[PDB]
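Encoded as C-alpha cells, the structure appears first; notes follow it.
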Amino acid sequence: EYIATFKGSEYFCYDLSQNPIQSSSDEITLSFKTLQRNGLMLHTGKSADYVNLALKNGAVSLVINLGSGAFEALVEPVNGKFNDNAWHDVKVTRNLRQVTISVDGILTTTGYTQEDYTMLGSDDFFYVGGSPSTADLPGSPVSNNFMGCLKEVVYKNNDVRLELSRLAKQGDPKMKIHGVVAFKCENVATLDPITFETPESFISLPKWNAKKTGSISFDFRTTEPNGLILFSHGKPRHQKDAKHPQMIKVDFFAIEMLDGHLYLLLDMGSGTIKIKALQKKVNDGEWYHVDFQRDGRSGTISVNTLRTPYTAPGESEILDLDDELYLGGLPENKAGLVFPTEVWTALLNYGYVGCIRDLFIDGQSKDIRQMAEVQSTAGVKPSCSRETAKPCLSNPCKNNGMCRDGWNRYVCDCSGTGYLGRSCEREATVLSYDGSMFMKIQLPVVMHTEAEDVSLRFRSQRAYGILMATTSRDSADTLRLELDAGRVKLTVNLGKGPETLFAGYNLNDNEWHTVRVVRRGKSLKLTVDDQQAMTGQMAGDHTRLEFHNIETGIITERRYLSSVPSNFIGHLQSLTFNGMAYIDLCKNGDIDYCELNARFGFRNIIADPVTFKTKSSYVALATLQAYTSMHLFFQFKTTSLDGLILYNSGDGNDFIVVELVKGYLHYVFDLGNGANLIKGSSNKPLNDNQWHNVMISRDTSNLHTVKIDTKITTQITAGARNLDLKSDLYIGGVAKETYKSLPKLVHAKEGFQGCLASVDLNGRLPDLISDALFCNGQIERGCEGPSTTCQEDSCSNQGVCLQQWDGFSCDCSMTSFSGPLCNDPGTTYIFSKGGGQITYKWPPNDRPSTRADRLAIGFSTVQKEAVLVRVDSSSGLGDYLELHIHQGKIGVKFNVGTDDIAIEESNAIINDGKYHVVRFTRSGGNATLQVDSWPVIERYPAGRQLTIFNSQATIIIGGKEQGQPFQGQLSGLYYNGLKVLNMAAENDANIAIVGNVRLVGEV
Ligand SMILES: *[C@@H]1O[C@H](CO)[C@@H](O[C@@H]2O[C@H](CO)[C@@H](O)[C@H](O)[C@H]2NC(C)=O)[C@H](O)[C@H]1NC(C)=O
C-alpha cells in the first residue's frame, strides 16, 4: 500500500527530460482523502500538451490537451461529497483523443480533445500533490496544492509505466521530494479562521515572492463598511513625480473595503488601477471567497467565483514587493513603511475588523491562527463567532453619540457632541482664538492624500474667518474650511483653481456647529450639523494633496499667497482629521509637534480692545468693501450716551453710519433709495460700561439685520445695484468740521468715546491703530488705561526699571535678588563648616570668550579670607577672574593676558554677618567694583592691555580649589547672563555640587 500525507506546502517532482513522455494512449489511477474543496492531485507538461487532475470546488476536475484544444471535465459529487475525508478512486483512460474519467468506479464522463492532435508530448516535469505555481501550470482550474492523503498513484502508457506512489517511497534519483516529507495515512488536518477584533489589529506575513505571476486566496466576513484587508509595497523609486517629488513612490498592491465595497488596488511601475471587485456591498456578515491571480500586467480578482479582469497601465510586468506583507491593517509609526495615496483606507486609518480564514500564497496554505496569532498579536482571537445581540442596545454611546453596530463591537461617532473616546465619555478640549491666535500641527513628515475625513465644531460671532487649513511649505495647495458670509465654505485647490462647496446660513450665531468634510478623490462632501449634505465633483484631474501642516486660527504658512482668509475669532473643538483629534492630542501632550498661542478652555472673547480716549478721537481706515453683502461685527463699551462710531460715504448720497444715540444703537444708511434708520433693539441705554455685541448685516436679498447682544431686528429694503463706497472708513468719529453736514437722519454731533473690539468689517480685521491711514486724538491699546510707567521707587534693590509696551519691568541681573520687583531673595546657598563647592562647567564648544564681563552676587560672612567665586579659562591659558575677600574687604582680581589687575573695596565692612551685594564690571583692562551703595570704584590701567577673557571653562563657587573655603551664605550669583545658583537649584547637568553646602527654601 502506497499512502502518503500531503502537508499542503509539499509536492512530488519527476524529471522527464532523460526520457520524454509522448503518447497516443495512456491511463491514470489513484485514490484520495481530503477535507478541502480544492487541490491539485497531478499535472504534467507545458505549452499546449498537458494533463491536469485536481479537485475544483468539491468536484473532480480533469483537463487534457494534446496540442489542439483541451477536453475539460468536472465529475459531480453524486450522493454526498468528495471532500468528505474519505477514500475515492479515480481512473482516467485515454485512447487517442478520447477520454473517460471514472470516480470510485461507475461515475463516468466521456468526451474528446479538440481538432486533430493525438500526441501528448511533455519532456519537462511531472507534478503530484502540488507545484511551484499551480494557478500557473496550463489547464489548471485550481491554484492550490493538495491537503490530505493521496494513494496508489500511476501513469501507465503504452511504453513506460511511471508508478509515482512507489518511486517516491522506495527512492529514485529522478524523484525530487520538494519540501516537508510524510509517508503514512490516518492523519487529519484543519486550520483555524481568525477574528480581527480591533481596526489596528493586524498580522504580519511571509514575503509575497511573486514576480511575473502570483496568486492569493482567502475568505472574509464582516459587517464593517471600511477596512484595509491586505497590503504590501516595494522599495522606493528613483523615477519621481513631477508635482510631488517629496512623495515616495512604490510598487504596491492592496485589497480594501470602502462602504461595503471590495476593492483591488495595484501599481507595478506606471499608474495605479482600482477595481470594484463586485457590484454588491459585501459587509453582509456573510463569508466570501477571494481569489487574486496575476500574470504580469494583468489578472483577475474573484469574489465567490465571479472573476473580474484588470489590466494595469504601462508595460511594467513585475510587481516587485520585497519584505513584509500585511493582513487586516498596518503598524503605526513603522520605519520604512510608505502609504500610497491611492489606498484610501490606509491614510484614513480604517484598519480591518472582521473575520478571515484559509489563506493561500501562490497556492500554498497559510495558518493565520499561529502566524503571529501564537505570536502575541493584540486584537486577534482564535475562532470566529457572530454575537447575536445587537451591540447598540447595550446603548453604549453617551451624550447623543451616533451608534453603529460593528462586527463584535459597537462604534460611536462622537463628532457632533463635544466628546470623544470609545463611548463619548471624554469631554473634548476647547481652544479659544481672539483674532491673533493660531494652533498649527506640524506633521513629523510631509503628508500626501487623495482622501480625507475632516470634522470640527466651531462657534463664532463673525461671518468670516478661517476654520482649518492644510498647508504645504512648497506650494499654495490646500484643503480649507472657512466662514464666508455666515456660511461654511470648503475649498480644495490643487493648483488648478479653487473647487468649492458652501453649506449653512447665519452660522455666526455664537452657537456650536459641527462641520464634517469627506473628500474621496474628486468627490467632495460637506455637511453642517444635521442638514442635507452638499456634494460636488472637482473639475481638473489633480487629486493628490500635499501638506506639512494643519492650521487653525491664522493661516501662517502662506508663502505663495499674497492674501488669505482672515483670522478666526471664536472657539473650536473636536478638530478631527483622518481620526486624529489634534486639539486633544495637543492639550494632553500625546504629540510634541503642535505649536500654538491660542488658549485652552472656553471664555467670552474681546479681540484687540482699543480705547478712543476722547469723543473727538478717531481713526480713518481703507474704505469698507461691501460689494455683494455686508457683515459688520464689533463690540463696544462706553459711558457716553451719544457718539458716531462708524461712517463711510459713497458716490451720490450713498453712505453707511453706525452711531449711539441716547444710549441706543442706530444703523443709518442710504443705498440709493434714500436714508434709512434701523434701531438696534435693547430695553436699556447701552452706555452701562459693559461690553455689547453689535452685528449688522445686509444680505444679497437686501434683508438688513441688526443684532444687539441677543436680539435680532430685521428689515427689508429696496433692490438696488450695490455700489462701492468712496471715502475712507471712519471709526470713533469724523473730523470736527464734518459733523455739520452729516447725512439726513444721523444725529451725531460728536464722535465715540469708549472701547471698540472685535471689529470685523465685512471680512477684514483691521488693527485700528496700526492700519490707520490717519488718526486724530488719542487711541490707546487695551481697555484699561495706560501701562504702568517707571518711577524712582519702582524696582527695589538697585534693580533697573525698563519700559515695555505693557508696563514697566525690572532687570534684577546686577542685584542679588529676583522676582518682578527685585524684591524677593535670589537663590541662596549656605556654605557651612568644612568647605563646599558648586562648579559650573561649560560644554567644551560653548566656552565663552568675552571682552566685557559683569558679575553680581549677594553674600554674608564673618571670614577674613575667602574665595567666593572664580572663573577660569581652560587647561593652558592664564586668564581668570576671581572674587575674593582679603583682610575683611571684598575684591576682584583678574587676568586676561597682560598682568593681574586688582580692584578692592577698601572701606566697607563686609565680614560682618549682614547681607551685602557686590557688582563687578570689566571692559578689557578697565574695571569697576561696587559694594552695596558705596561709590563705584574705577580702575583704568595704562599700557598694552589685552582685552579678551579667552575660552572660559569653569565657574567655581566656594573657594575650596583655591585653598580658601568660603563659609556663610551666597545668594543670587549672576555672571554674564548666567544665574549660576538658580541653575544649580534646578539641577542643570553642567553643575557639580560637592561638600557642605545647602540650598535654602524660599517663602
Ligand atoms: C579704558 O579707559 C580709557 C580711559 O577713559 C578709555 O580710553 C578713552 O576713551 C575715550 C572715549 O570713549 C576716548 O575718546 C579717549 O581718547 C580715551 N582716553 C584715553 C586716555 O585713552 C578706554 O577706551 C578704555 N578701554 C576699554 C577696553 O574699555
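Naming scheme: A, B, ... for chains in displayed order of the C-alpha cells; residues 1 onward per chain; ligands 1 onward as shown.
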
*Which residues come within 9 Å of stretch 915-918 of chain A, counting only C-alpha atoms, excluding same-chain residues fewer than 5 positions away, as a VMD selection string?*
chain A and resid 814 to 816 855 to 861 890 to 891 910 929 to 932 969 971

*Could you find all residues in stretch 361-513 of chain A that DSSP calls helix (DSSP H, G or I) from the backbone, and write them as a list in words?*
residues 368, 369, 370, 371, 391, 392 and 393 of chain A

Export N, CA and C atoms of the chosen residues as a PDB file, in the first residue's frame?
ATOM      1  N   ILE A 368      -3.091  31.283   9.730  1.00  0.00           N
ATOM      2  CA  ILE A 368      -3.247  32.526  10.488  1.00  0.00           C
ATOM      3  C   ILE A 368      -3.246  32.353  12.013  1.00  0.00           C
ATOM      4  N   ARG A 369      -3.949  31.319  12.502  1.00  0.00           N
ATOM      5  CA  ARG A 369      -4.126  31.082  13.943  1.00  0.00           C
ATOM      6  C   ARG A 369      -2.861  30.492  14.520  1.00  0.00           C
ATOM      7  N   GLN A 370      -1.783  31.251  14.365  1.00  0.00           N
ATOM      8  CA  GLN A 370      -0.419  30.829  14.636  1.00  0.00           C
ATOM      9  C   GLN A 370       0.444  31.972  14.160  1.00  0.00           C
ATOM     10  N   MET A 371       0.510  32.127  12.832  1.00  0.00           N
ATOM     11  CA  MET A 371       1.273  33.182  12.141  1.00  0.00           C
ATOM     12  C   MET A 371       1.910  34.203  13.092  1.00  0.00           C
ATOM     13  N   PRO A 391     -25.075  44.989  19.447  1.00  0.00           N
ATOM     14  CA  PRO A 391     -24.225  45.781  20.346  1.00  0.00           C
ATOM     15  C   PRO A 391     -24.793  47.126  20.758  1.00  0.00           C
ATOM     16  N   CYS A 392     -25.441  47.838  19.831  1.00  0.00           N
ATOM     17  CA  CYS A 392     -26.011  49.162  20.116  1.00  0.00           C
ATOM     18  C   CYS A 392     -27.308  49.181  20.980  1.00  0.00           C
ATOM     19  N   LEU A 393     -27.746  48.044  21.520  1.00  0.00           N
ATOM     20  CA  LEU A 393     -28.783  48.120  22.569  1.00  0.00           C
ATOM     21  C   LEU A 393     -28.210  48.237  24.015  1.00  0.00           C
TER      22      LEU A 393
END

*Pick out the residues sitting within 6 Å of residue A:120, and hand them over as a ChimeraX atom specification; count only C-alpha atoms, and ignore anything fewer than 2 positions along from it in its own chain.*
/A:22-23,49,66

*For residue A:222: contacts at 6 Å, only C-alpha atoms, fewer than 6 positions along chain excluded, given as a PyMOL selection string*: chain A and resi 283+285+354

*Got a sec: who's within 6 Å of stretch 427-439 of chain A, counting only C-alpha atoms, leaving out chain neighbours fewer than 3 positions off, as JSON, numbers by chain?*
{"A": [418, 419, 552, 553, 554, 567, 568, 569, 570, 571, 572, 573, 584, 595, 596, 597, 598, 599, 600, 601, 602, 607]}

I need the chosen residues saved as a CSV table (one decimal), in the first residue's frame, with N, CA and C atoms.
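Output contents, as saved in selection.csv:
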chain,number,residue,atom,x,y,z
A,418,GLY,N,-19.2,67.2,21.4
A,418,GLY,CA,-18.4,67.8,22.4
A,418,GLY,C,-17.7,66.8,23.3
A,419,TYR,N,-17.7,65.5,22.8
A,419,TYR,CA,-17.0,64.4,23.5
A,419,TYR,C,-16.1,63.6,22.5
A,552,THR,N,-5.0,76.2,12.2
A,552,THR,CA,-6.2,76.8,12.7
A,552,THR,C,-5.9,78.2,13.2
A,553,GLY,N,-6.9,79.1,13.2
A,553,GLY,CA,-6.7,80.5,13.8
A,553,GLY,C,-6.2,81.5,12.8
A,554,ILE,N,-5.0,81.3,12.4
A,554,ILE,CA,-4.3,82.1,11.4
A,554,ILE,C,-3.7,81.1,10.3
A,567,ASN,N,-8.3,85.9,10.0
A,567,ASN,CA,-8.0,85.1,11.2
A,567,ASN,C,-9.4,84.8,11.9
A,568,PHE,N,-9.4,83.7,12.7
A,568,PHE,CA,-10.5,83.3,13.4
A,568,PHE,C,-10.8,84.0,14.7
A,569,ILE,N,-12.0,84.3,15.1
A,569,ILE,CA,-12.4,84.7,16.4
A,569,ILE,C,-13.5,83.8,16.8
A,570,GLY,N,-13.3,83.1,17.9
A,570,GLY,CA,-14.3,82.1,18.3
A,570,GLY,C,-13.6,80.9,19.0
A,571,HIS,N,-14.4,79.9,19.1
A,571,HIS,CA,-13.8,78.7,19.7
A,571,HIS,C,-13.9,77.5,18.7
A,572,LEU,N,-12.9,76.6,18.8
A,572,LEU,CA,-13.0,75.3,18.1
A,572,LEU,C,-13.0,74.2,19.1
A,573,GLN,N,-13.5,73.1,18.6
A,573,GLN,CA,-13.4,71.9,19.4
A,573,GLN,C,-13.5,70.7,18.5
A,584,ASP,N,-7.0,67.7,21.1
A,584,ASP,CA,-7.0,67.0,22.4
A,584,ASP,C,-5.6,66.4,22.6
A,595,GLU,N,2.0,73.6,17.9
A,595,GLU,CA,2.6,74.8,18.2
A,595,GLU,C,1.5,75.8,18.1
A,596,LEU,N,1.3,76.7,19.1
A,596,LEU,CA,0.1,77.5,19.3
A,596,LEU,C,0.3,78.6,20.3
A,597,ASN,N,-0.5,79.6,20.1
A,597,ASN,CA,-0.7,80.6,21.2
A,597,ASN,C,-2.1,80.8,21.4
A,598,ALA,N,-3.0,80.0,20.8
A,598,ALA,CA,-4.4,80.0,21.2
A,598,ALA,C,-4.5,79.5,22.7
A,599,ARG,N,-5.6,79.7,23.3
A,599,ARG,CA,-5.8,79.4,24.7
A,599,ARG,C,-6.8,78.3,25.0
A,600,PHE,N,-6.6,77.4,25.9
A,600,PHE,CA,-7.4,76.3,26.1
A,600,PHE,C,-8.6,76.7,27.0
A,601,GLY,N,-9.8,76.0,26.8
A,601,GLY,CA,-11.0,76.3,27.6
A,601,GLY,C,-11.8,77.4,26.9
A,602,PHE,N,-13.1,77.4,27.2
A,602,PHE,CA,-14.0,78.4,26.7
A,602,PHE,C,-13.8,79.7,27.5
A,607,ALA,N,-11.6,90.8,21.3
A,607,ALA,CA,-10.5,90.7,20.5
A,607,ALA,C,-9.9,92.1,20.3

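Interatomic distance, atom CA of residue A:152 against atom CA of residue A:67: 28.2 Å.
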
Could you make a table, as JSON lines, of the residues of chain A that have an atom within 6 Å of an atom of ligand 1, each with its nearest atom pair and distance in Å to one decimal, counting only C-alpha atoms and all ligand atoms, in chain and number order?
{"residue": "A:923", "atom": "CA", "partner": "ligand 1", "partner_atom_place_in_ligand_line": "28 (O)", "distance": 4.6}
{"residue": "A:924", "atom": "CA", "partner": "ligand 1", "partner_atom_place_in_ligand_line": "27 (C)", "distance": 4.1}
{"residue": "A:925", "atom": "CA", "partner": "ligand 1", "partner_atom_place_in_ligand_line": "27 (C)", "distance": 5.8}
{"residue": "A:926", "atom": "CA", "partner": "ligand 1", "partner_atom_place_in_ligand_line": "1 (C)", "distance": 4.9}
{"residue": "A:940", "atom": "CA", "partner": "ligand 1", "partner_atom_place_in_ligand_line": "2 (O)", "distance": 5.2}

How would the residues just picked look written out with C-alpha atoms as an mmCIF file, in the first residue's frame?
data_model
loop_
_atom_site.group_PDB
_atom_site.id
_atom_site.type_symbol
_atom_site.label_atom_id
_atom_site.label_comp_id
_atom_site.auth_asym_id
_atom_site.auth_seq_id
_atom_site.Cartn_x
_atom_site.Cartn_y
_atom_site.Cartn_z
ATOM 1 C CA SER A 923 35.783 96.030 29.795
ATOM 2 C CA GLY A 924 39.097 94.795 28.500
ATOM 3 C CA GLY A 925 41.549 96.017 31.115
ATOM 4 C CA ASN A 926 39.261 98.635 32.608
ATOM 5 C CA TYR A 940 41.929 102.225 34.333
#

*Looking only at strand (DSSP E) from DSSP on the backbone, list the matching residues of stretch 291-535 of chain A as number ranges by chain.*
A: 291-295, 298-303, 306-311, 325-327, 354-361, 364-366, 380-381, 402-405, 410-413, 419-420, 426-427, 430-434, 439-449, 451-459, 465-471, 478-484, 487-493, 498-503, 513-520, 523-528, 534-535

*Counting only C-alpha atoms, figure out which residue out of A:491, A:711, A:364, A:416 gets nearest to residue A:206.*
A:364
